[PDB]
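Just one chain is shown here, as C-alpha cells, and it is the form deposited without coenzyme A (COA).
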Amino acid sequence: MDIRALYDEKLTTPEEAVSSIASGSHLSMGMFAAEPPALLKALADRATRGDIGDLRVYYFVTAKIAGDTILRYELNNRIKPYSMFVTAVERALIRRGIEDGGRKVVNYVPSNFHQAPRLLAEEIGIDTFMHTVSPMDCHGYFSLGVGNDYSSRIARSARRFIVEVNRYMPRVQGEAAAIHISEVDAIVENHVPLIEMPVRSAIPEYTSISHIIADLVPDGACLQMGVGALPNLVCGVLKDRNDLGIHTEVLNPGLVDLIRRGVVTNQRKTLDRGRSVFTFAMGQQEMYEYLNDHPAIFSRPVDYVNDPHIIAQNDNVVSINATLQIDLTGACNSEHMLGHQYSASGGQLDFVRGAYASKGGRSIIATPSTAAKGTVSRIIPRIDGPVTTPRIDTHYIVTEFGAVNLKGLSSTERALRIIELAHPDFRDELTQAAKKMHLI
C-alpha cells in the first residue's frame, strides 16, 4: 500500500475532521490520556456554534481534556454525557445540576468494565470513535499507546475511526494495539504532552499498611494494583523481591518502577509469560516515555485482562485495591458520592474474584481506619445501598492495624475480627452497633 498517499488524503484539520459527525449519533473515545484534546475541542466548538445536537458520548475514565471541552456544563443540552463510570468531573457536573433547578445532566450507564467492548459495540452501538495515537511507522501502523481497554475493539467496530497523532504518545505493543492506516478514516496531528495523574503524598497510615500487604505477597506473585499513593508505596517495599509478574488493569508508576528495577520478570506466569500485561495506563511523563517500544510490556483488551477466568490462570495472583469504607459484614465501598453507587462498574471486583480463584492467589482490599484527622471511621456498621465489593466476594482486608481473611467466617467472626481493624477510638461504638444488628 502507498501509505504516504493514504496519510495525506486522510490528514486534515480538527475542525473538518469532526464536521461530518451526525446529530443524534453515538460517540466514544479513549480513556484518560488517550482522550484527544484537539478533536474534542473542535467538537465542543461545533456544539457551541449550535452546529450539532443530541450527541451521546459513551466513556469510562475521563480527564481534564474532555472535562474542559465537550463535557463543559454549558454544552450539556447538545453533548450528552453517557458515563459508564463516575469520577470527579461527573461529580462536579451532577452537583451543579442539582443546584441549577435539579437537572439531570449526567446519564449514568450501569455496566461491567470487562464487558465494555461488547456493550459499546453491540448493545449501545458507536458511530464515531476518537483516540490519540502514536505516529505512523514505516509499515503504516499507528498505536493506541497508553490505551487498549475497550478502545482496541471500538476502533474497529465503530462506523468511523478518527485519530489524533501525537509524538508524546508512546508506541506500545499489544493485542490489537496496532492500527493500520487503512483502518483509519481521518487523521489530525497535535503534539502535546500527555496529561498526568497527579502525584499524591503518602499519609502516615500507608507505611504500616504497605508492610502488612508486603508480607502477603508471595514469591513469584503476579501483581495487580490500582492507582494512588498506597499502591506506589507498596511497590516501594517490593523492590527487594524477584521474579514477580504483572497482570493488572491499570499500569501505574509503581509497577513500572518494579519493571525498571528488574523485580518483574513475568517468568512465573502461565499466560503472557515474559510480558507485563495491562489494559490501560496512567502516570506521569517519565512512565509514558518508558513505555515506548518496550518489548516486555504488552497491552491487551479489557475483556481479556479483567476476565476472572483469565486472571485466575496465573499462579499466586495478588490483587491490591483501595476502598473508602468497609462495614462489619466485610462489604466494601469505593464510591465517593453519598447515597449512590457508580463505582460498581469498575474492574475492581473482577480482580477480587480472579485473585481468589488463582492457585495461591490473594485479593487484598485496604484502607486507613479513619478519615478527617481521626474524627471519622472508615470502618462502619453498614454500607448504605448497593456496594462495590459484596461481602461474599471479599477475601483479605487490611488497615494500619492488621489483616483479616474473611472467607468462610460467620457473620459473628467477621464482625469481631473487622472491629479489631478499626481505630481504638471507634471499637466500642462498632461493637454496640454489631450487637444491635445482631451480628454478635
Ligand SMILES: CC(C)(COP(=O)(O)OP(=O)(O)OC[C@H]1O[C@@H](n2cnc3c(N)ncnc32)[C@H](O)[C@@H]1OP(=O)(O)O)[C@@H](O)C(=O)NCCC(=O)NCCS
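In case it trips you up, residue 1 is the first one in the sequence shown, and so on.
What comes next is about the form solved in complex with coenzyme A (COA), which is not displayed.
S.K.: So, a 4.5 angstroms cut-off on heavy atom distances: do all three of 32, 147 and 276 pass it with respect to coenzyme A (COA) in the deposited bound form?
M.R.: Negative, none of the three is within 4.5 Å.
S.K.: Which one, 363, 348, 266, 210, lies within 4.5 Å of coenzyme A (COA) in the deposited bound form by heavy atoms?
M.R.: Result of the distance check: 348.
S.K.: Considering 184, 106, 322, 195, which brings a non-hydrogen atom within 4.5 Å of coenzyme A (COA) in the deposited bound form?
M.R.: Result of the distance check: 322.
S.K.: With a 4.5 Å heavy atom cut-off, would you call residue 112 a contact of coenzyme A (COA) in the deposited bound form?
M.R.: Close contact is absent here: in the deposited bound form, residue 112 is far from coenzyme A (COA), nothing within 4.5 Å, heavy atoms only.
S.K.: Given that the partner is absent here, does residue 342 sit within 4.5 Å of coenzyme A (COA) in the deposited bound form, heavy atoms only?
M.R.: Contact with coenzyme A (COA), yes.
S.K.: Tell me, yes or no, whether residue 89 is in contact with coenzyme A (COA) in the deposited bound form, where a contact means a heavy atom of each within 4.5 Å.
M.R.: Heavy-atom contact with coenzyme A (COA) at 4.5 Å: absent for residue 89.
S.K.: My question is simply whether residue 164 lines the interface with coenzyme A (COA) in the deposited bound form - judged by any non-hydrogen atom within 4.5 Å.
M.R.: Residue-level check for residue 164: no, no contact with coenzyme A (COA).
S.K.: Which single stretch, out of 172-180, 254-262, 226-234, 98-106, brings residue heavy atoms within 4.5 Å of coenzyme A (COA) in the deposited bound form?
M.R.: The contacting stretch is 226-234.
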